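# next input, structure requested:
(chains A, B, C and D, ligands or ions: 5)
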Amino acid sequence: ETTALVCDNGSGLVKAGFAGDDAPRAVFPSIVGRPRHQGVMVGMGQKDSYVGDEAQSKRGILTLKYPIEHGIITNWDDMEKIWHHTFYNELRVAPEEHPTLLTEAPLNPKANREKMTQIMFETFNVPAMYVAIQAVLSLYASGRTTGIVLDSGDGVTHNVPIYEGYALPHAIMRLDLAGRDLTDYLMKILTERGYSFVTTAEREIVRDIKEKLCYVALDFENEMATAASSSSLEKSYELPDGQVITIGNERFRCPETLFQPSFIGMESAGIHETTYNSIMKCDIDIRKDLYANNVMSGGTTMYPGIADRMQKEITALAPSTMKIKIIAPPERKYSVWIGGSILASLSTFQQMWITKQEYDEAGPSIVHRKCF
Amino acid sequence: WXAXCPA
Amino acid sequence: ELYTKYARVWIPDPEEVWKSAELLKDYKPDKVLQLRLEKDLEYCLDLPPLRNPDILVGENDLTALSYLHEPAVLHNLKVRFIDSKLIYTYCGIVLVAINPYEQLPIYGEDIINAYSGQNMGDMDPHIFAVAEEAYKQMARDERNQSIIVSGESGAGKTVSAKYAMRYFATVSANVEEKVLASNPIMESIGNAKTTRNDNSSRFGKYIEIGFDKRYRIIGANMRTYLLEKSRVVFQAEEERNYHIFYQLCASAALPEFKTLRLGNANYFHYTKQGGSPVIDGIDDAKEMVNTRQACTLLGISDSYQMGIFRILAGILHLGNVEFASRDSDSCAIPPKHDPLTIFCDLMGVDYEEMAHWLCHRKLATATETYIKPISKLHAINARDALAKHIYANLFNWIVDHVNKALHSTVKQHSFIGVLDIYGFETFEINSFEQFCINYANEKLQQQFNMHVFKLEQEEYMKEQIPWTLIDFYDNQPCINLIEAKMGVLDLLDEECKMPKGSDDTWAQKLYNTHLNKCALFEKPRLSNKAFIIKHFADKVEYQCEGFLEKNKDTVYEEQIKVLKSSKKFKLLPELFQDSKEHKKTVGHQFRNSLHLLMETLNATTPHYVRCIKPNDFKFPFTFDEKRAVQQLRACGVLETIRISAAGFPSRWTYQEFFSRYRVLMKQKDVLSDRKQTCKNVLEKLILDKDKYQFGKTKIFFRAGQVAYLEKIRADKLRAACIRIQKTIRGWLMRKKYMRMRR
Amino acid sequence: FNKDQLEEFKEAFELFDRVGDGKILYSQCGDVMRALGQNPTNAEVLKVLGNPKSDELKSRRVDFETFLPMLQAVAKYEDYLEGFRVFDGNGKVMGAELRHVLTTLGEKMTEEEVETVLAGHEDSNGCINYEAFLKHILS
Ligand SMILES: Nc1ncnc2c1ncn2[C@@H]1O[C@H](COP(=O)(O)OP(=O)(O)NP(=O)(O)O)[C@@H](O)[C@H]1O
Ligand SMILES: Nc1ncnc2c1ncn2[C@@H]1O[C@H](COP(=O)(O)OP(=O)(O)O)[C@@H](O)[C@H]1O
Ligand SMILES: [Mg+2]
Ligand SMILES: [Mg+2]
Ligand SMILES: [Mg+2]
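Residues are numbered from 1 along each chain as shown, chains lettered A, B, ... in the order given. Ligands and ions are numbered 1, 2, ... in the order given. See the structure here:
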């Protein structure tokens, strides 16, 4: 018939597709490249700027901008290029024909929603749309109405507790630690072993090292004693030019900074202790159920061992008599999209859309009262 | 952001 | 007023839904009425329906009655059936047809020739009058024609269609035998024991008889609709599964079916749940022989028959695959599991490819795919959705083989098509099956009421009477309750997707959405698990408690793709041979199939038959006044009659009116113009034109008025008679006084 | 009624007295009224009798003097023709139809009464000249 688009801006990856699909079919990094060198050959078809996987391929000659930093859109002209690329090139669909559903992290500036709506209605002429909290969608994605969602992608981390479909807006926590800043730390520890990555093209190489080789130690201090006292832990990786690099304690040491942000220099406690401090802000009747369901979402939660490390130290913080249960499906990297896929295909949701009439009547302010 | 941070 | 001394009334009674009573003394506009029976009664109000004047009873037309209400209808059918032994009766357009449970001579070919090419009013109602009046429409209109048959299984529908076909063969072939030979297989696959009835047909069945430009029988196409797939996996108490599984289990001792390792009828989980494997009044062992014989008459090879029984025994074994929940989020199959071992041996699929895919589901993404586990509820749901998917494809394949047998090569110029469909349904407990069956009947009753309204508008133009007096009573609001978005089916499809959806939260969504927003949805006073819908026929109560586990089909493509791989035998991939549909629910597949049906009927101007089953024990030519009142409500005949009670049901030619009511005329009025004479007389007699319309050729009366005329006629006739007899008796007494003098 | 009328009526009354006590039964009262030229309906006769019960109508006896006020009270062409024209339009009436209606409707008479009054007035086809039959019964 007609089917809602569902789009997640994330940071790093964009992932997009149609409502009721099983998984997104547009997936590509939300990255905008411009050529920085002097162009010599006359007539090779050089563009002004490349987007997504095209910029990943040519990135040798490009500066790469990420237009979203910590879930805030910092650069709007380059964001419009990414949406334009998603609808026209990647999904090949005319945006007037389809309601769109868009995803955002909580506790971020309201100008971000005013602008994102103004652009959706006025340039695309999208007939109706909605903006949904990323954490909320992970429960739809996992078949629950109760839990505390710990969600971290690139950029923002946030915890949102939900008890039978009621949010608890006073107990929401947000942290800026996740995903990119892990990489910007890993470059400095690799520099300590005498490899130096100085440019945005090299950053993507480090990000792939992180994705292949990093893992979370169950006990950080014993494993640093192990790596210091042994070779066994040390693993070797091949750069795109066929050089080979060897990485020992650095590989576990990098995702450890999720649990001890002091390494990068933040004040706040790690994700375990903002999770616990989130649950403590909820009234005593429900903690029994929030401890019974903890849902991990987004790709920065996919380091091996992170689920165990969470369950172990929360079982250290919590009262001694309770199930602490961490629920981390292997699908979790896509959960916020799968949850939006479900939400957009409900029937009850069809009243919820902001429709173009109501924006014409009331202007971008309407988003705040209709949307969460 | 606009204040307490670079974005 | 309308009641007097010597008036008669119908009054409700235990033994028969109405009894006749007379007014022992005239009513006065008090709470008390003096009544005479058949004696003593005094009855009150807090009015009784009046009785029709006794010339009009048994007219072989129910709309000609001058009072139209349940006991007049029931009395007409009862007297025609018991006294006349006439079993067919016109009601408006409809042919009401009453199952005698007894043979009759009347179907012979001389009577066919008698009906042949005569219009319905010229001859007394008969099924041939319907077939004939389709045939002449197909010729005259150059438009296809339909016949529609409604009623409980056992009401005769199959035999009514049989004679409707024989009429065509005699006016215009091998089809009649070849089609008749289909019935045992399509019964065996498509009929079920149901709590009220055996052999309830659980699907719509549509035959198309093709004609050349010379309107001689080519051959027949067959189609099916609305199949009740949910029954394959789940039954309420005292129901069976589709017959074929029991006929197959009874066969299990025979030499071929040894290969299947069939057990007994209560060993398999899909047969066991009903409680009631054995129908007394049948033996299933025999019926298999009828089924195989009809297969062979339809040229399904002895190879394919054993294929079919392989697949069915597959399904029965599949249902016994018994997952152990191994974790909250994960389940498995306990090793070397015998039900699955036998299913694979039956099917050729590798044991471990199935054992893996039954318990895991797979996601595809750019550069990436995940196998992931599923919870035991989802495993059981997916298994059952596979069993339903196999069965529905098998049924469509068998129907497409019968169509190979019945097609004939010369192109169809136009066709007459005959629809056997189940009537409106109600039992003490009502569930998703009855919700589907009643929604379908609502769609058909809409299309009927639309067509009857059209025919009224035509007949009104034929007499040049303003349309304005007709109105169209429209069940459309109930359809927009059931099927439209934010409707009961739409919220049911929603509660499948929702996390921790349940019947208890589904009910609360119903009550929130509709409870006082719509006139037709009602909550039962003492319960929060049930809900009520006022259908056209009656108010009906449905339980929420089942619907969600019945509405959930979804099939994991991996398990189909495992079955498609198997090369032990050909039939198995042949079923699948022809992506969104794997994710549709049962309610949505039904709502689609019903649109395919309505798209078919809307093309093709229908004629209607209703079959009613007058007594419960199959006693020949007995009638029971409460059994029939049920089925005449469930067929919507009684609403249709109420709809015609609004409007002008009684229609008289001026000749007939003048002839009947000269006694009311006075000759000072009466003209050489009869029609003006009648106009003048009626203008004297009834003081409202509002109660009747004059037309070109007819007088249209509002419902009561003809009985009022019959009353005043009888009273005047009686007064004149009394004056004659008193005058004669006076003269005879003067003469007897002279005898006394002598 | 004058003395002469009262004497003639008493004489006629006494002719119907089959017991000699100078009385008739209530059930004979209507017959006497009709014998004296009145044409009351059975309903009118029972009404003027005071709606007697079966037992006193058949066995309670009254003399002429008590009967007389009732006769007085009861005593105190185009309609007859139209009444016959109800059953007509060639000026005839079936003998069978008149017989049926007189024996089955209204104050039903016996077949023998109807045969007696109809004797000689119907032709071979079984048709009654109702103007002649009416004049006959009014004579
Ligand atoms: N018009 C009819 N004339 C003679 N017998 C009839 C007629 N209608 C029904 N029957 C009897 O009905 C009995 C059982 O029903 P049947 O006629 O077989 O219909 P059916 O095959 O059961 N179709 P269904 O109503 O779906 O069950 C048969 O023995 C018939 O003799
Ligand atoms: N297998 C993996 N292991 C560890 N980190 C990963 C893995 N895959 C992706 N990442 C990191 O996760 C981040 C992306 O998370 P994602 O949920 O896609 O963010 P967003 O939701 O903002 O798009 C990237 O920084 C990427 O490097
Ligand atoms: Mg995210
Ligand atoms: Mg049948
Ligand atoms: Mg039958």
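
# residue C:621 contacts residue C:102, doesn't it?
Yes. The pair residue C:621 / residue C:102 is scored as a contact, 5.6 Å apart, by C-beta atoms under 8 Å. All C-beta spots, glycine's among them, are computed from the backbone N, C-alpha and C.

# and residue 127, how many residues sit next to it?
You didn't pick a chain, so chain A it is. Residue A:127 has 17 neighbours, counted by other C-beta atoms under 10 Å in any protein chain shown.

# wait, I meant chain C there
Counted with other C-beta under 10 Å, residues neighbouring residue C:127 total 26.

# phi, psi of it?
Main-chain torsions, residue C:127, degrees, to the nearest 10: phi -50, psi -40.

# the residue of chain C found nearest ligand 1 and residue C:558: what is the separation?
Distances between chain C and ligand 1 by C-beta to the nearest ligand atom are smallest at residue C:156, namely 2.5 Å. Distance, residue C:156 to residue C:558, using C-beta to C-beta, to the nearest Å: 47 Å.

# for residue A:66, give me its contacts.
A:11, A:12, A:30, A:31, A:32, A:180 (C-beta atoms under 8 Å, 6 or more residues apart in numbering or on different chains).

# er, residue C:681 actually
Applying C-beta under 8 Å, 6+ apart, we find residue C:681 in contact with C:661, C:664, C:665, C:669, C:670.

# helix or strand for it, which one?
Residue C:681 is part of helix C:674-685 when elements are defined by DSSP states H and E.

# which SSE is immediately downstream of that helix?
Moving toward the C-terminus from helix C:674-685, the next helix or strand (DSSP H and E) is strand C:692-694.

# what's the spacing between that following strand and its chain's center?
35 Å (C-alpha atoms, centre = their mean, to the nearest Å).

# which one of the residues in chain C is closest to chain B?
At 28.6 Å from chain B, residue C:366 is the closest residue in chain C, using C-beta to the nearest C-beta.

# give me the neighbour count for the residue lying closest to residue A:64 once chain neighbours are set aside.
In space, and not counting its chain neighbours, residue A:64 is closest to residue A:200: 4.4 Å by C-beta to C-beta, 6 or more residues apart in numbering or on different chains. Neighbourhood size, residue A:200 [other C-beta under 10 Å]: 15.

# same question, residue A:6
Residues near residue A:6, counting by other C-beta under 10 Å, number 32.

# can you list the strands that whichever helix or strand it is part of pairs with?
Residue A:6 is part of strand A:5-8 when elements are defined by DSSP H and E. Next to strand A:5-8 in the sheet, as set by DSSP bridges, lie strand A:13-18 (antiparallel), strand A:100-104 (parallel).

# does ligand 2 sit close to the last one?
What that stands for is strand A:100-104. No. Strand A:100-104 does not reach ligand 2 (C-beta under 6 Å from any ligand atom); its nearest approach is 8.4 Å.

# which non-adjacent residue is nearest residue C:408?
Closest residue to residue C:408 apart from its sequence neighbours, by C-beta to C-beta, 6+ apart: residue C:219 at 2.9 Å.

# so the one you found sits in a strand?
Yes. Read with DSSP: H, G, I helix; E, B strand; the rest coil, residue C:219 is one of the residues of a strand.

# list the buried ones in stretch C:15-24?
Of all the residues in stretch C:15-24, those buried under the rule 16 or more other C-beta atoms under 10 Å in any protein chain shown are C:16, C:17, C:18, C:19, C:20, C:21, C:22, C:23.
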